[PDB]
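K.L.:
Okay, here's the structure, questions in a sec.
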Amino acid sequence: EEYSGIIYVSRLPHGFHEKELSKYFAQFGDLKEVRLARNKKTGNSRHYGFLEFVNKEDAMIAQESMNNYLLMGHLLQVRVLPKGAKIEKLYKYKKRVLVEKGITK
Ligand SMILES: [Cl-]
Ligand SMILES: [Cl-]
Ligand SMILES: [Cl-]
Ligand SMILES: [Cl-]
């Protein structure tokens with residue numbers, strides 16, 4: 001009851017973008033949305049993103065499997081976000097703001 005179907009994903013390795021997010025995470029259930037954080041001017045990846053699953057059960061399973069998955073010298077971090085999370089709103093925050101709000105912990 002207390003969690004959304006949305007995950008925050010970070011410590012992405014070089015070359016790991018929206019297509020790789022989809023490829024790795026769609027294996028756990030159908031996806032409603034995949035977003036990679038990018039500098040709005042240069043287009044450069046900020047090396048984290050947000051995904052939403054159609055079934056929030058699947059978000060829990062993806063988080064359990066992909067959190068601390070070691071890929072290309074990176075330990076992927078995955079967090080299921082509490083109820084009320086909305087990618088449309090969270091995607092707008094500066095990275096340091098997500099960190100201050102405790103969303104990335
Ligand atoms: Cl970081
Ligand atoms: Cl990095
Ligand atoms: Cl690393
Ligand atoms: Cl972390």
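Lettering and numbering for the structure tokens are positional, with chains as A, B, ... in the shown order, residues counted from 1 in each chain, and ligands counted from 1 in the shown order.
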At a cut-off of 7 Å and counting only C-alpha atoms and all ligand atoms, what residues surround ligand 4? Please answer as a list in words.

P.N.:
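These are the residues that qualify: residues 77, 104 and 105 of chain A.
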
K.L.:
Write out as JSON lines a residue-level contact list of chain A versus ligand 1 with cut-off 10 Å: for each qualifying residue the closest pair of atoms and the distance in Å to one decimal, counting only C-alpha atoms and all ligand atoms, rows sorted by chain and residue number upward.

P.N.:
{"residue": "A:10", "atom": "CA", "partner": "ligand 1", "partner_atom_place_in_ligand_line": "1 (Cl)", "distance": 6.9}
{"residue": "A:11", "atom": "CA", "partner": "ligand 1", "partner_atom_place_in_ligand_line": "1 (Cl)", "distance": 5.8}
{"residue": "A:12", "atom": "CA", "partner": "ligand 1", "partner_atom_place_in_ligand_line": "1 (Cl)", "distance": 8.8}
{"residue": "A:46", "atom": "CA", "partner": "ligand 1", "partner_atom_place_in_ligand_line": "1 (Cl)", "distance": 8.8}
{"residue": "A:47", "atom": "CA", "partner": "ligand 1", "partner_atom_place_in_ligand_line": "1 (Cl)", "distance": 7.7}
{"residue": "A:48", "atom": "CA", "partner": "ligand 1", "partner_atom_place_in_ligand_line": "1 (Cl)", "distance": 8.1}
{"residue": "A:77", "atom": "CA", "partner": "ligand 1", "partner_atom_place_in_ligand_line": "1 (Cl)", "distance": 9.5}
{"residue": "A:95", "atom": "CA", "partner": "ligand 1", "partner_atom_place_in_ligand_line": "1 (Cl)", "distance": 9.0}
{"residue": "A:96", "atom": "CA", "partner": "ligand 1", "partner_atom_place_in_ligand_line": "1 (Cl)", "distance": 9.8}
{"residue": "A:99", "atom": "CA", "partner": "ligand 1", "partner_atom_place_in_ligand_line": "1 (Cl)", "distance": 9.6}
{"residue": "A:104", "atom": "CA", "partner": "ligand 1", "partner_atom_place_in_ligand_line": "1 (Cl)", "distance": 9.4}

K.L.:
Taking the chain letters and numbering used in this document, name the residues of chain A that DSSP puts in alpha helix (DSSP H), as a PyMOL selection string.

P.N.:
chain A and resi 18-25+56-66+87-90+95-100

K.L.:
The selected residues should be written to file as a JSON list (two decimals), in the first residue's frame (atoms: N, CA and C atoms).

P.N.:
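Dumped everything to part.json:
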[["chain", "number", "residue", "atom", "x", "y", "z"],
["A", 18, "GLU", "N", 18.41, 5.44, -22.10],
["A", 18, "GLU", "CA", 16.99, 5.06, -22.00],
["A", 18, "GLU", "C", 16.74, 3.63, -22.54],
["A", 19, "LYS", "N", 17.39, 3.29, -23.65],
["A", 19, "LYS", "CA", 17.22, 1.98, -24.29],
["A", 19, "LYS", "C", 17.75, 0.84, -23.43],
["A", 20, "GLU", "N", 18.88, 1.08, -22.77],
["A", 20, "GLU", "CA", 19.43, 0.11, -21.83],
["A", 20, "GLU", "C", 18.58, 0.01, -20.55],
["A", 21, "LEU", "N", 18.03, 1.13, -20.10],
["A", 21, "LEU", "CA", 17.12, 1.13, -18.94],
["A", 21, "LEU", "C", 15.92, 0.23, -19.25],
["A", 22, "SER", "N", 15.35, 0.46, -20.41],
["A", 22, "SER", "CA", 14.23, -0.35, -20.87],
["A", 22, "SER", "C", 14.60, -1.82, -21.02],
["A", 23, "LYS", "N", 15.73, -2.08, -21.66],
["A", 23, "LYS", "CA", 16.15, -3.46, -21.90],
["A", 23, "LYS", "C", 16.33, -4.22, -20.57],
["A", 24, "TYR", "N", 17.05, -3.62, -19.63],
["A", 24, "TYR", "CA", 17.30, -4.28, -18.36],
["A", 24, "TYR", "C", 16.06, -4.40, -17.49],
["A", 25, "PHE", "N", 15.17, -3.40, -17.52],
["A", 25, "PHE", "CA", 14.09, -3.40, -16.54],
["A", 25, "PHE", "C", 12.77, -4.00, -17.04],
["A", 56, "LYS", "N", 2.84, -2.45, -9.58],
["A", 56, "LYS", "CA", 3.88, -2.00, -8.66],
["A", 56, "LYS", "C", 4.63, -3.17, -8.00],
["A", 57, "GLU", "N", 4.01, -4.35, -8.07],
["A", 57, "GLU", "CA", 4.66, -5.59, -7.66],
["A", 57, "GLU", "C", 5.99, -5.76, -8.41],
["A", 58, "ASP", "N", 5.91, -5.43, -9.69],
["A", 58, "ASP", "CA", 7.04, -5.59, -10.60],
["A", 58, "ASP", "C", 8.14, -4.62, -10.25],
["A", 59, "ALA", "N", 7.78, -3.44, -9.74],
["A", 59, "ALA", "CA", 8.77, -2.47, -9.31],
["A", 59, "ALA", "C", 9.52, -3.04, -8.14],
["A", 60, "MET", "N", 8.79, -3.66, -7.21],
["A", 60, "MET", "CA", 9.52, -4.27, -6.10],
["A", 60, "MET", "C", 10.50, -5.34, -6.56],
["A", 61, "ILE", "N", 10.05, -6.19, -7.48],
["A", 61, "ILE", "CA", 10.92, -7.25, -7.98],
["A", 61, "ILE", "C", 12.16, -6.72, -8.72],
["A", 62, "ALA", "N", 11.95, -5.72, -9.59],
["A", 62, "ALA", "CA", 13.07, -5.09, -10.28],
["A", 62, "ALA", "C", 14.03, -4.48, -9.27],
["A", 63, "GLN", "N", 13.50, -3.82, -8.25],
["A", 63, "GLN", "CA", 14.41, -3.21, -7.32],
["A", 63, "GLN", "C", 15.24, -4.28, -6.62],
["A", 64, "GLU", "N", 14.59, -5.39, -6.24],
["A", 64, "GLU", "CA", 15.32, -6.42, -5.52],
["A", 64, "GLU", "C", 16.44, -7.01, -6.36],
["A", 65, "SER", "N", 16.17, -7.17, -7.66],
["A", 65, "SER", "CA", 17.16, -7.80, -8.55],
["A", 65, "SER", "C", 18.26, -6.86, -9.02],
["A", 66, "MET", "N", 17.90, -5.62, -9.32],
["A", 66, "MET", "CA", 18.84, -4.69, -9.97],
["A", 66, "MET", "C", 19.59, -3.79, -8.98],
["A", 87, "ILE", "N", 6.76, 10.76, -11.83],
["A", 87, "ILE", "CA", 7.98, 11.03, -12.58],
["A", 87, "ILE", "C", 7.99, 12.43, -13.17],
["A", 88, "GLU", "N", 6.82, 12.90, -13.61],
["A", 88, "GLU", "CA", 6.67, 14.20, -14.26],
["A", 88, "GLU", "C", 7.15, 15.31, -13.34],
["A", 89, "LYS", "N", 6.84, 15.19, -12.06],
["A", 89, "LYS", "CA", 7.32, 16.14, -11.07],
["A", 89, "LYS", "C", 8.78, 15.87, -10.64],
["A", 90, "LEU", "N", 9.13, 14.61, -10.40],
["A", 90, "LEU", "CA", 10.45, 14.36, -9.84],
["A", 90, "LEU", "C", 11.56, 14.65, -10.84],
["A", 95, "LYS", "N", 19.49, 17.43, -9.37],
["A", 95, "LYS", "CA", 20.00, 16.25, -8.67],
["A", 95, "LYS", "C", 20.21, 16.49, -7.17],
["A", 96, "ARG", "N", 20.80, 17.64, -6.85],
["A", 96, "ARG", "CA", 21.14, 17.92, -5.45],
["A", 96, "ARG", "C", 19.85, 18.08, -4.63],
["A", 97, "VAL", "N", 18.78, 18.47, -5.31],
["A", 97, "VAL", "CA", 17.49, 18.61, -4.63],
["A", 97, "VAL", "C", 16.87, 17.22, -4.31],
["A", 98, "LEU", "N", 16.94, 16.28, -5.26],
["A", 98, "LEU", "CA", 16.56, 14.89, -4.97],
["A", 98, "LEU", "C", 17.34, 14.36, -3.80],
["A", 99, "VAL", "N", 18.63, 14.69, -3.78],
["A", 99, "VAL", "CA", 19.42, 14.19, -2.63],
["A", 99, "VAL", "C", 19.00, 14.84, -1.32],
["A", 100, "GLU", "N", 18.78, 16.15, -1.32],
["A", 100, "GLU", "CA", 18.39, 16.82, -0.07],
["A", 100, "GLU", "C", 17.04, 16.33, 0.42]]

K.L.:
As a PyMOL selection string, please: every residue in chain A that a backbone DSSP assignment puts in strand (DSSP E).

P.N.:
chain A and resi 3-10+31-38+45-53+70-71+74-75+77-82

K.L.:
Take the residues from that selection and write them out as a short mmCIF file (atom, residue, chain, number, x, y, z; two decimals), in the first residue's frame, keeping N, CA, C and O atoms.

P.N.:
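Output file selection_29.cif is given in full below:
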data_model
loop_
_atom_site.label_atom_id
_atom_site.label_comp_id
_atom_site.auth_asym_id
_atom_site.auth_seq_id
_atom_site.Cartn_x
_atom_site.Cartn_y
_atom_site.Cartn_z
N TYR A 3 3.88 1.98 -1.30
CA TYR A 3 4.82 2.27 -2.38
C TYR A 3 4.16 2.42 -3.73
O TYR A 3 3.10 1.86 -3.98
N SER A 4 4.81 3.21 -4.59
CA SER A 4 4.36 3.42 -5.94
C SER A 4 4.93 2.32 -6.83
O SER A 4 5.72 1.49 -6.37
N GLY A 5 4.57 2.34 -8.10
CA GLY A 5 5.25 1.51 -9.10
C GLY A 5 6.47 2.22 -9.71
O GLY A 5 6.97 1.80 -10.74
N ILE A 6 6.96 3.28 -9.08
CA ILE A 6 8.09 4.05 -9.64
C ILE A 6 9.44 3.76 -8.98
O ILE A 6 9.53 3.73 -7.76
N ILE A 7 10.47 3.55 -9.80
CA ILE A 7 11.80 3.40 -9.27
C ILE A 7 12.72 4.53 -9.75
O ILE A 7 12.60 5.04 -10.84
N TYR A 8 13.58 4.92 -8.84
CA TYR A 8 14.71 5.78 -9.11
C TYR A 8 15.93 4.89 -9.31
O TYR A 8 16.17 3.98 -8.51
N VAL A 9 16.72 5.15 -10.36
CA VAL A 9 17.87 4.29 -10.66
C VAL A 9 19.08 5.18 -10.84
O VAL A 9 18.98 6.17 -11.55
N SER A 10 20.20 4.85 -10.21
CA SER A 10 21.39 5.71 -10.30
C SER A 10 22.67 4.89 -10.37
O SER A 10 22.62 3.65 -10.45
N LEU A 31 6.45 -1.95 -18.68
CA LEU A 31 6.82 -0.59 -18.31
C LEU A 31 5.79 0.42 -18.81
O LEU A 31 5.29 0.32 -19.93
N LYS A 32 5.44 1.37 -17.95
CA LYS A 32 4.63 2.51 -18.37
C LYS A 32 5.52 3.66 -18.83
O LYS A 32 5.15 4.45 -19.71
N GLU A 33 6.70 3.77 -18.24
CA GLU A 33 7.55 4.92 -18.63
C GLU A 33 9.00 4.71 -18.27
O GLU A 33 9.30 4.11 -17.24
N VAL A 34 9.89 5.19 -19.14
CA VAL A 34 11.35 5.20 -18.90
C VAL A 34 11.88 6.61 -19.17
O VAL A 34 11.57 7.17 -20.22
N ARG A 35 12.62 7.18 -18.23
CA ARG A 35 13.22 8.49 -18.43
C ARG A 35 14.64 8.49 -17.89
O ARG A 35 14.89 8.01 -16.78
N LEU A 36 15.56 9.04 -18.67
CA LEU A 36 16.93 9.26 -18.23
C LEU A 36 17.10 10.75 -17.95
O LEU A 36 16.74 11.58 -18.80
N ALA A 37 17.65 11.11 -16.79
CA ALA A 37 17.94 12.51 -16.52
C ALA A 37 19.08 12.97 -17.42
O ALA A 37 20.13 12.32 -17.50
N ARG A 38 18.85 14.10 -18.10
CA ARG A 38 19.83 14.68 -19.02
C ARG A 38 19.94 16.20 -18.78
O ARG A 38 18.94 16.85 -18.49
N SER A 45 23.94 12.85 -20.31
CA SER A 45 23.35 12.03 -19.25
C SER A 45 23.77 12.47 -17.87
O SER A 45 24.96 12.74 -17.64
N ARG A 46 22.83 12.52 -16.93
CA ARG A 46 23.20 12.73 -15.53
C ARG A 46 23.42 11.37 -14.80
O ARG A 46 23.61 11.35 -13.59
N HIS A 47 23.33 10.27 -15.53
CA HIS A 47 23.65 8.92 -15.00
C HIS A 47 22.68 8.43 -13.91
O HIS A 47 23.04 7.62 -13.05
N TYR A 48 21.44 8.92 -13.98
CA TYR A 48 20.33 8.37 -13.19
C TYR A 48 19.03 8.59 -13.98
O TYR A 48 19.01 9.37 -14.95
N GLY A 49 17.97 7.89 -13.60
CA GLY A 49 16.70 8.08 -14.25
C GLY A 49 15.56 7.54 -13.39
O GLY A 49 15.76 7.19 -12.22
N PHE A 50 14.37 7.49 -13.98
CA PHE A 50 13.17 7.03 -13.29
C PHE A 50 12.46 6.07 -14.25
O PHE A 50 12.47 6.30 -15.47
N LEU A 51 11.89 4.99 -13.71
CA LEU A 51 11.03 4.11 -14.53
C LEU A 51 9.76 3.87 -13.78
O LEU A 51 9.78 3.84 -12.54
N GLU A 52 8.65 3.69 -14.49
CA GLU A 52 7.41 3.27 -13.85
C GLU A 52 6.91 2.01 -14.52
O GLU A 52 6.86 1.95 -15.74
N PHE A 53 6.58 1.02 -13.67
CA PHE A 53 5.96 -0.25 -14.05
C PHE A 53 4.45 -0.15 -14.04
O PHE A 53 3.90 0.54 -13.20
N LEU A 70 26.31 -5.18 -10.24
CA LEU A 70 27.59 -4.58 -10.58
C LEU A 70 27.82 -4.69 -12.09
O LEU A 70 27.94 -5.77 -12.65
N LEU A 71 27.87 -3.54 -12.73
CA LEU A 71 27.97 -3.46 -14.18
C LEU A 71 29.00 -2.44 -14.57
O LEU A 71 28.88 -1.28 -14.17
N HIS A 74 30.42 -0.11 -11.96
CA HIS A 74 29.38 0.67 -11.28
C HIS A 74 28.48 -0.28 -10.52
O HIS A 74 28.11 -1.30 -11.04
N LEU A 75 28.10 0.10 -9.31
CA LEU A 75 27.12 -0.65 -8.55
C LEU A 75 25.79 0.08 -8.67
O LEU A 75 25.60 1.09 -8.00
N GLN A 77 22.22 1.58 -8.32
CA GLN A 77 21.40 1.77 -7.13
C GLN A 77 19.94 1.89 -7.57
O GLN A 77 19.63 2.63 -8.51
N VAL A 78 19.05 1.14 -6.93
CA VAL A 78 17.65 1.17 -7.32
C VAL A 78 16.82 1.38 -6.07
O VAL A 78 17.02 0.69 -5.04
N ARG A 79 15.89 2.32 -6.14
CA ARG A 79 14.99 2.60 -5.02
C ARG A 79 13.53 2.64 -5.47
O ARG A 79 13.23 3.33 -6.43
N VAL A 80 12.63 1.93 -4.79
CA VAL A 80 11.21 2.05 -5.09
C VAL A 80 10.74 3.26 -4.31
O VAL A 80 11.05 3.40 -3.14
N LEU A 81 10.03 4.17 -4.97
CA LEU A 81 9.60 5.40 -4.32
C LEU A 81 8.19 5.25 -3.70
O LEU A 81 7.36 4.53 -4.21
N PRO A 82 7.96 5.91 -2.57
CA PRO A 82 6.69 5.82 -1.84
C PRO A 82 5.54 6.33 -2.70
O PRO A 82 5.75 7.02 -3.69
#

K.L.:
What is the distance, in Å and to one decimal place, between atom CA of residue A:72 and atom CA of residue A:27?

P.N.:
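Interatomic distance here is 19.8 Å.
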
K.L.:
For ligand 2, which of A:2, A:54, A:14, A:67 is the closest residue, counting only C-alpha atoms and all ligand atoms?

P.N.:
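Counting only C-alpha atoms and all ligand atoms, the residue closest to ligand 2 is A:14.
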